[PDB]
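The structure tokens that follow cover one protein chain in two forms, given apart as structure 1 and structure 2.
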Structure 1
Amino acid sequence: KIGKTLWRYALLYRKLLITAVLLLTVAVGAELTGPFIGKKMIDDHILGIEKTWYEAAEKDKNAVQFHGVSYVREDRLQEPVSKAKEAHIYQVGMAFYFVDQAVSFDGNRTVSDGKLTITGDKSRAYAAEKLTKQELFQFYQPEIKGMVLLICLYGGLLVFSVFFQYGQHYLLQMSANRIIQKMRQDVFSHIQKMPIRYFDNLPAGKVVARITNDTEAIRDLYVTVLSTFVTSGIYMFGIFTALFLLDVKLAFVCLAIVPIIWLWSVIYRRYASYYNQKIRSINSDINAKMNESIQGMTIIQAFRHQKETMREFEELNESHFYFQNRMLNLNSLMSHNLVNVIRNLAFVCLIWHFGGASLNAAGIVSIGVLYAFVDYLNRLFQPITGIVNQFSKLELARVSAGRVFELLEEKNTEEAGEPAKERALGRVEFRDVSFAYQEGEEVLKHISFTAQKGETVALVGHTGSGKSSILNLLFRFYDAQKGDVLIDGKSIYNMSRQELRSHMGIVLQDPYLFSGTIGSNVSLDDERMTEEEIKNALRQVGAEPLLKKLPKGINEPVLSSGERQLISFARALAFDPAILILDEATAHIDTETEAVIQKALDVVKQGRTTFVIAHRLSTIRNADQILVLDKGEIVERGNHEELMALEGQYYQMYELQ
């Protein structure tokens, strides 16, 4: 379910959406009343002369003067209610002729000299007279002010439409952006509430994509649905309302055209989905092949495989090109020439309708309606191609929405908890633990021990022997399947995770360096400040702080591999943990961290209960309790000195090289 969640999230920030819809409606009203001003201007002012004329008063009674008499139209006239002394202006060819008498039924007209007879029954012939270019202008003059008023009204409505179009678009974009921001905040909160089991299986790229790229896709969808579908729907509804207001017998034709959009939309989407899916799949295959060839080119050259890899690449290229050509054919046929054909068919329909009206009618013809229809149909047929394009595109956004909302709907989670004021003394008791990452497996068989207030405990075992699985099990990243762990007098599983993790701190093989300043890194930007960071420098960091270019050595990514461990131990010292679960540290890689790794380790280890998983076994000379891992079980204990562990190959002379 994608639409339901999208609608629920859009209901948040509904004020912006409603305001955008209202502003869009006002703008559409203005733009679509423009063409109605056009129709009125054409029909009343340019075609005004066609109407009947009557004898006029001497003064400017909406009157015009012709020879020794003056006439006035039947509309601007003011109730003389005279039926005789009529007049008419009749257009033939390109010239207008004046008829001093009422001609009764009117039809087709042809003039020989002064007849201008009206031809279904040819018996009526009036007396005519040609109108000079000056006479016609004099007759048309009274409508100049109405022309001016309508032009000014058109301009004013246009500027209002401009303002409100800008407003509605801006508010739609604001609503989409705010919705996406809320979605991102909620997604990151849920990610922070997830369990480590979820993180371990899925690579980092997958979670980052789900957080930031699918949300961008949702943003694209929201902008597409809001600005192109709702906007176009309102625009078409307004256009059709205007057309119905103009002529009803000619708007039903456009209503019947509306299904054309649906039919072609579905057909084009049906073919486009297939063609685009194949094109995308083959393009991904080609990119993967090119990447797999650039990497590992040396072997391809060595085995002279340059004639077969190119063969497969050319086969993929041919398939992709063929599908691209088919897509081009479909696009050309369905979309654009089809829009043109529909537009020309609409023109033909207009001509047919109005010609049929005109052939047997006297004054039925109205060219203002024709012009308004032409303008409205030009506007209507603009965005259809975009509509079908977005309709075909929506599938990818739908898939991304499905992914994101499946992530958000996950039920398995953990409660937040709160930090505990009490500092648990150094005590970690293992009554027994049995842990496995699968079902039916046992990675840790039986491990039992206890650590005192001050001790250095280390784990002994071969690579992949569950040495840091106990680090995982102690922070409650992975809960114990059947065993129990005990800190102080209560089991680890009876307390909130955030209370436990306050007691104890970690340092890993690869120090995770956080973006920002070095001082920020050693503090992670917490409330604690002042000597929190500086104290690390006064404990075991002496050379780096003297390199003080900016507060606490403000600097940028990556240093090397020694300063990383230095920063990690500085962090562990600043946070003042209790149990300080350490991890394998690779220490001689640089110089023994300038021969300071041991100093840092044994200064942080003081006054704690510290677990060392160090690969090098010489660094654990001091340990009082040293444990071993029989692939998840303790089979002996002791120390390099206390017991015989130094002998018996368990502590190899090879490890001491």
Structure 2
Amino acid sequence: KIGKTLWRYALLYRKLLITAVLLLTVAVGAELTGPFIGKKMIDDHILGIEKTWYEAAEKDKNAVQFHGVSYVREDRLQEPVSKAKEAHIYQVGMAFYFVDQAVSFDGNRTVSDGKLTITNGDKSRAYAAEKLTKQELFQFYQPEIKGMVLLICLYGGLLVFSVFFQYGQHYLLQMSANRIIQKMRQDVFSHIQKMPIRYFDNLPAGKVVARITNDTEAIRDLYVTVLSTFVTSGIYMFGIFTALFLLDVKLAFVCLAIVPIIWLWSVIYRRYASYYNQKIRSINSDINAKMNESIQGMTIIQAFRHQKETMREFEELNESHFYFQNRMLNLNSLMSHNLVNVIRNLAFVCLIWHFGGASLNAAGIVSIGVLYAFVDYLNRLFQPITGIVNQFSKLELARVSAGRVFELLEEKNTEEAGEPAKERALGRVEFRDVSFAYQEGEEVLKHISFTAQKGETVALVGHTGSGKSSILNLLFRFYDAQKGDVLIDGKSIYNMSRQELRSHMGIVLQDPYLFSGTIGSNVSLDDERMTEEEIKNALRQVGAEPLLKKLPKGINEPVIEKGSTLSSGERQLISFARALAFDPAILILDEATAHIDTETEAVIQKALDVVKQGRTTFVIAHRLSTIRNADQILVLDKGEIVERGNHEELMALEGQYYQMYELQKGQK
């Protein structure tokens, strides 16, 4: 699965996630209580005048004074006597009318005289009403200015606290994501270092590099999305529903019903956008590949007058991709944005319908404060829907990348090792009896038998595939022979740590593997244990080029060209120097500068001689002239050592080596 491993990696670094969740919850609570401040500020202060007023003497503060008498509300009122002398400030049209006595229900109110009759279902009574001046109405509004101020200040304080906590919870979510991905990358790279070379051979470098880095960035994006778009929104939708239910239970069921709308819309949009985005991506990749192969290969396209057919295919791809772009545009418009706005308008219609039904029932109105809070909570709710559906549709690529990474991490086959060597072996290596097949059946080594004594320069000669690079692979335990035995000194290769084995022996393959950095970075591979490389390198005949290449002292940093900064001969020189630095007992030489169409033989033979001394050099040089001074010439007849002996001994028999040497020398 994918969720299981993602959750397992998320449980690591749980303190950060829990802190982020809690800070998000606190900030959410502050933000959502804001609109409750708004509702209270509307109802209790702006709409407080409508509440009943009771007449009282000039004894209590906040008791508003009208004409010669002073009244005070039913809330900012101590209780000397409730009695029955009640006065109201009714509203009809845009006018506020003062009623000095009113004990009855409230309904539709009209004024043609001082009657201020209330109709409701049927007319009940008419009360002598008086119009209130603008200043008098304010006097009836003044007592609530201080509550206004306090609610505003509370609203600002909660705002700043929410600011701080939002910043904190976002920073912690991102820190958690980046720490998890760093852990994943470290683990994947370690596994790569503990992977068999067989896996490396089949897959190209690009695929494994992608698995290490690009897929883990996809995981990063997934964690960011799930954290900062689904958990946050879930906690932002739970709090909103809590507030709405605290406001009005009956209406909130409308939003409980809205949730299925979100579910169905996301499902449909995913179903269609997956198809359209897949086709768009597949055709855009085809367009880019066609463009690349047309630029790369333009000459013959023009020479053979194929400019009227390649353009036709390119236009087919372009038209298809454009058509799918149009279809995606149609779906995107319809499903996303016109729908968000339509649902918002439907919510407004539902608000009006519900509150109107309430207000038509004997003028029993649910506070307009509830309406404002609902309008402020529903505007909040609809903001993140489009992003939610987009991410829900887009999760599939991250899912695939996660699958690839977690299949790499779960590969059972591995190489367990990591123990260096203890003492130098002086260079004894033998192949008493071995047989190697890469996969099955096809044998590249058949009953190979040789014993390379302390005598060095044991050479393998062949061409077009006989099992020499197979011998090299067997020597370093890159591939296991699955049959026979191999020994260095008296020990068996298959009875010791890989690091110990490879600690005895060096290697310089055909292409000198140059690493970005300084020259000293190459000679020591950034070992940091060996101190003096130049001085030792001074004995390796590298005293000319480094002086030419500026003033390296191991600080040149020239390899930024990936190797092109130097010459091929210089690259082989540095490879030989690195091999000499570690001073391995054995030195397995592949085709080193003897690759193709080359004449500068002495230029590298001079270093080859310097590295020859005091080792057991296994050389697979194809140029038999350079190997004539070898001691144990080995000829591979497609998996068999048909002949054995020095160059003179092989020449006398004239089986295959004499003929090959004659051809190679005479042709020159």
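When a residue number appears, read it as a position in the sequence of structure 1, where counting begins at 1. Here the rigid core means the biggest group of C-alpha atoms that line up within 1.5 Å when the two forms are laid on top of each other.
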2 Å-or-more CA mover between structure 1 and structure 2, where superposition uses the core and the choices are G356, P259, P551, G205: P551
Core-superposed C-alpha of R528 shifting 2 Å or more between structure 1 and structure 2: yes
Rigid core fit then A480 CA moved by 2 Å or more between structure 1 and structure 2: no
CA of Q606, rigid core aligned, shift of 2 Å or more between structure 1 and structure 2: no
Angstrom shift of the Cα atom of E647 between structure 1 and structure 2 (superposition on rigid core): 6.1
Per-residue C-alpha deviation between structure 1 and structure 2 [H588; rigid core superposition; Å]: 10.1
Value in Å for the CA shift of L566 between structure 1 and structure 2, taken after the core is superposed: 1.3
